[PDB]
Each structure stands twice: as structure tokens, then as C-alpha cells.
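A.B. asks: My structure is below; once you've seen it, I'll send some questions.
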Amino acid sequence: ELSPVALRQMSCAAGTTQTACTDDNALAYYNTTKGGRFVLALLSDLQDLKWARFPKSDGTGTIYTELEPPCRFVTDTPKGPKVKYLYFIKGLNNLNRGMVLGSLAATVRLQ
Amino acid sequence: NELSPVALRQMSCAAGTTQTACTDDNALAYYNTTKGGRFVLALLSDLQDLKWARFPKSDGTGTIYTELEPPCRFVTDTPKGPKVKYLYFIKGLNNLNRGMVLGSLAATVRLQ
């Protein structure tokens, strides 16, 4: 059926270009199925990101994914509201967009 | 531009195999608090044969019955041990809202 699979988070590199992916500057929401991680969305403080870099665990190589235009949103932080940017993977369907938003509501102090 | 952020609220509710069979709180409803009215997305229940959910109207006028999709079965890890649960989407729920419920569940519950 549509059995729910756990959405996990991990830090990851992202940048304006693929070469620009420098050091961990974002947080990736991903799925773990079969052999490999399925990244659904990026979470970051930066608003001009276009790419995300992911090294597979086996070290065979690294994966670059195009990012959609970011969805700006606000989180509640002890030091006051903070503005974050939510990047869906390019071409992400609405079902997986929903799962991201559902997981984001649970792992982040929204509004 | 700005993203629409909604928190999935949960509330105990009545359910049954028929509209008349809806009496006690047999399930918990995932809903959204909108400007006015509660928008129910899905039902979570120990029972696997549910078809309707009942919500007495806030205005006191009557009761609302929303029909259920076929249940999705899954196992949660609880202190009492693994518990078989059944997830019912509201009849006709779009894919975004379905993902919202599926994303909230897997982010807040341990699955087997």
C-alpha cells in the first residue's frame, strides 16, 4: 500500500553551483529504501541554493540534485523567530511534498 | 514565496462500519484547524473494518459523517509491544494532504 517510511535528517553540502557545493550548509530530509538514500528536500538558512551534494555510503561516488525555488518559512527559536528556506527536490511529486511538510511540522517549531 | 505551515492536530472521535454503528470513540482523527471549522484528514484506529467517522457539529445542529478510504495497515512500536494500527484517509483526499498525514506519522511514531 502507501505504507509510511521514516523520514530522517542529515547535514549536507549545497551551493549555487555544483562546484559551489562547499561545506555542510543545509539539512537534508531523506528516505532509506533498497540500496541508497532518497533525498526529498533541503532545509537551510540560505535563499540562493540550486544544488545539493550527497556522497553515497559506499564511496562509489557523489550525487548532485537540482533544487526547486525555495519556500520561505518561519520557525520559533528561543532567540526569536528565524527565517528558513525549504527546497524541494526538482520534480518532487505532491505526495512526497506532503510527507516533507508533515515531517517538517514534527521536527521544527513551525510559525 | 512564503510557505503555508500547518500543524496536524489530533482528536478522539467516533467511527463504525455503518453510520448508526458510530457511537463510542473508536479512533483518533488527524485534522487541521482552519479559519473556521475543523478539516479532518485521516483516521487512526485499532479496528480494520471502519467505513464512517462521525463528528457532532460544533453548532449543535446535527452530526457529520465522513466516509473512509480502505485502511492502510502498519505496526507501531509501543512500550506495550508492537501494535497493529489502521490508517484511514478521508474519502477523496488529495495527494498533498495524504503525504502530510504519512509524513507526520512516520516522523512521530516508530514503525516496524
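Residue numbers start at 1 in each chain; chains themselves are named A, B, ... in the order of the C-alpha cells; ligands are numbered from 1 in the order shown.
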Give me the residues of chain B that have any atom at most 7 Å from an atom of chain A; for each, the nearest atom pair and the distance in Å, rounded to one decimal. Use only C-alpha atoms, sort by chain and number, and format it as CSV.
C.D. replies:
```
residue,atom,partner,partner_atom,distance
B:1,CA,A:71,CA,5.7
B:2,CA,A:72,CA,4.7
B:3,CA,A:71,CA,5.2
B:5,CA,A:110,CA,6.7
B:7,CA,A:105,CA,6.0
B:72,CA,A:1,CA,6.6
B:74,CA,A:3,CA,6.8
B:95,CA,A:95,CA,4.8
B:96,CA,A:98,CA,4.5
B:97,CA,A:98,CA,6.1
B:98,CA,A:95,CA,6.6
B:99,CA,A:98,CA,3.9
B:100,CA,A:102,CA,4.3
B:101,CA,A:102,CA,6.4
B:102,CA,A:4,CA,5.5
B:103,CA,A:99,CA,3.7
B:104,CA,A:102,CA,4.4
B:106,CA,A:6,CA,4.8
B:107,CA,A:103,CA,5.2
B:108,CA,A:106,CA,6.7
```
A.B. asks: Can you pull out the residues contacting range 18-32 of chain B? Cut-off 8 Å, using only C-alpha atoms, and skip same-chain residues under 3 positions away; I want them as a PyMOL selection string.
C.D. replies: chain B and resi 6-15+38-47+50-54+65+101
